[PDB]
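In case it helps, PDB author numbering puts the first sequence at residues 134 to 347, 350 to 407, 418 to 460.
Heads up: the structure comes next, in structure tokens.
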Amino acid sequence: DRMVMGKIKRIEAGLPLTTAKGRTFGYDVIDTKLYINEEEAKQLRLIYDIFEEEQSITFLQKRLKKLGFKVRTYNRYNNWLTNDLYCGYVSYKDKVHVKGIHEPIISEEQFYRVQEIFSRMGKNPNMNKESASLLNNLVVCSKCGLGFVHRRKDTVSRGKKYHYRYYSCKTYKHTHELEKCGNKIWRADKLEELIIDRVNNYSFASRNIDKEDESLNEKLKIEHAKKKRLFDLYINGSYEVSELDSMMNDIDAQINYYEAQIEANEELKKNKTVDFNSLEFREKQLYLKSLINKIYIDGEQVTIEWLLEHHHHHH
DNA sequence: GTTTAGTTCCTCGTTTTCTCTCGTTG
DNA sequence: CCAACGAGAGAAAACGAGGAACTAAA
Ligand SMILES: [Ca+2]
Ligand SMILES: [Ca+2]
Ligand SMILES: [Ca+2]
Ligand SMILES: [Zn+2]
Ligand SMILES: [Zn+2]
Ligand SMILES: [Zn+2]
């Protein structure tokens, strides 16, 4: 017990909890504290970068190998890309969480960016399988609520072989574990070009502005308001006859700077991923995942629930 | 000629689960 | 050595969107 209260105290003091041998990659253990291991520290930076690129531990393992790096087990890399020990923190099973006394090896940002990658990879099962379909994990059934799965079916007659790609609710694949819901079964090629269509339109739409949202001409006005507030001021208390001209002429050469600026800034404006279809496959689905949250399907009608809103005003 | 469907096994990255062992603590 | 125990490393089993055949209706 009292020893336990001690371990806790040791952690709250900023010291590392796990100090076992070879369970501290990128850190050497001296005394009971850990200090950066230049060598392994480098590998973590490389790992952390590559991963942030590929967004796949396996993909990572494949690359590392090619680079002549000794490759470790999947879970080991999963731990290193997770676990804030590498970005500075020390923890104690939910009871204690605080910045430790060791040199972090990863930026608190690049950390939480990677943690972001795992977050999404979570909500999108198999999105990294080579068989991941363009609209993977994006389509849901308005009937029964489960989501759609991509299906394929092929048969031949004579010598001609037939292939077909659909997107059916799960109730139409797991016939045994659940009964049908009556919602449509879509032709992949369609649903897709359909969605791609709204996505291009939507994309094109965003980008363009409201006049209210777009000073070099709004200050041109400030001076006009000065010559106002100034003259009338003179009629009351104000300034002396002379203090008036020494000033009113300033805002004028000030006007001319702006009028020449404005009329001139005119001419040089008078005389003056958006391409989805070009993106490789994986990048396409990723693009979608970033731009679309959910595609609801109701028989014949589909409703895209965008993720990113637009800049302009709506009604 | 074309599709729509049901069985009955695969795939293969990511996730869980579950022992082994380390080792700091008063 | 006491006693308690959190959690990486590893091995192995579980997940789950998708797949390949072949067969029998529509
Ligand atoms: Ca102490
Ligand atoms: Ca942790
Ligand atoms: Ca159009
Ligand atoms: Zn359904
Ligand atoms: Zn808009
Ligand atoms: Zn309005």
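Note that the Cβ used here is the ideal one computed from N, Cα and C, for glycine as well.
{"Check": "DSSP-derived helix/strand/coil call for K199", "Outcome": "helix"}
{"Check": "Validate contact between the region 136–147 and the region 218–238 using beta carbons, cut 8 Å, 3 pairs", "Outcome": "yes"}
{"Check": "Residues near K228 in its chain [Cβ-Cβ closer than 8 Å; skip 5 each side]", "Outcome": "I141"}
{"Check": "Contact test: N333 Cβ vs ligand 8 heavy atom, cutoff 7 Å", "Outcome": "Among the ligands in the structure shown, ligand 8 does not appear; only ligand 1, ligand 2, ligand 3, ligand 4, ligand 5 and ligand 6 can be found there."}
{"Check": "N384 (DSSP reduced to helix, strand or coil)", "Outcome": "coil"}
{"Check": "Proximity test, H455 beta-carbon vs ligand 6 heavy atom, cut-off 7 Å", "Outcome": "no"}
{"Check": "Residue burial classification, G372 (beta-carbon count within 10 angstroms, cutoff 16)", "Outcome": "exposed"}
{"Check": "At least three beta-carbon pairs within less than 8 Å, the region 372–391 to the region 354–364", "Outcome": "yes"}
{"Check": "Contact test: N216 Cβ vs ligand 2 heavy atom, cutoff 7 Å", "Outcome": "yes"}
{"Check": "Test item: CB-CB of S301 and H455 under 8 Å", "Outcome": "no"}
{"Check": "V247: first and last residue of the uninterrupted alpha helix (DSSP H) it sits in", "Outcome": "241–256"}
{"Check": "Residues of its chain near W451, where Cβ-Cβ distance is below 8 Å and the 5 sequence neighbours each way are ignored", "Outcome": "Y335, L436, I437, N438"}
{"Check": "CB-CB length for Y295 against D287, believed under 8 Å", "Outcome": "6 Å"}
{"Check": "Limits of the unbroken alpha helix (DSSP H) element including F158", "Outcome": "Counting along the chain, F158 falls outside any alpha helix (DSSP H), and DSSP gives it neither H nor E."}
{"Check": "Sheet register partners of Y222 (DSSP bridge)", "Outcome": "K232"}
{"Check": "Close-in-space but distant-in-sequence residues of the same chain around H458 (CB under 8 Å, 5 per side omitted)", "Outcome": "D343"}
{"Check": "Contact between the region 262–278 and the region 239–254 (3+ Cβ pairs under 8 Å)", "Outcome": "no"}
{"Check": "Cross-strand partners of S301 (DSSP beta bridge)", "Outcome": "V282"}
{"Check": "Residue span of the beta strand (DSSP E) that contains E450, given as start and end", "Outcome": "446–451"}
{"Check": "6 Å Cβ shell around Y219 - same chain, five flanking residues per side excluded", "Outcome": "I238, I239"}
{"Check": "Coil, strand or helix - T288 by DSSP", "Outcome": "strand"}
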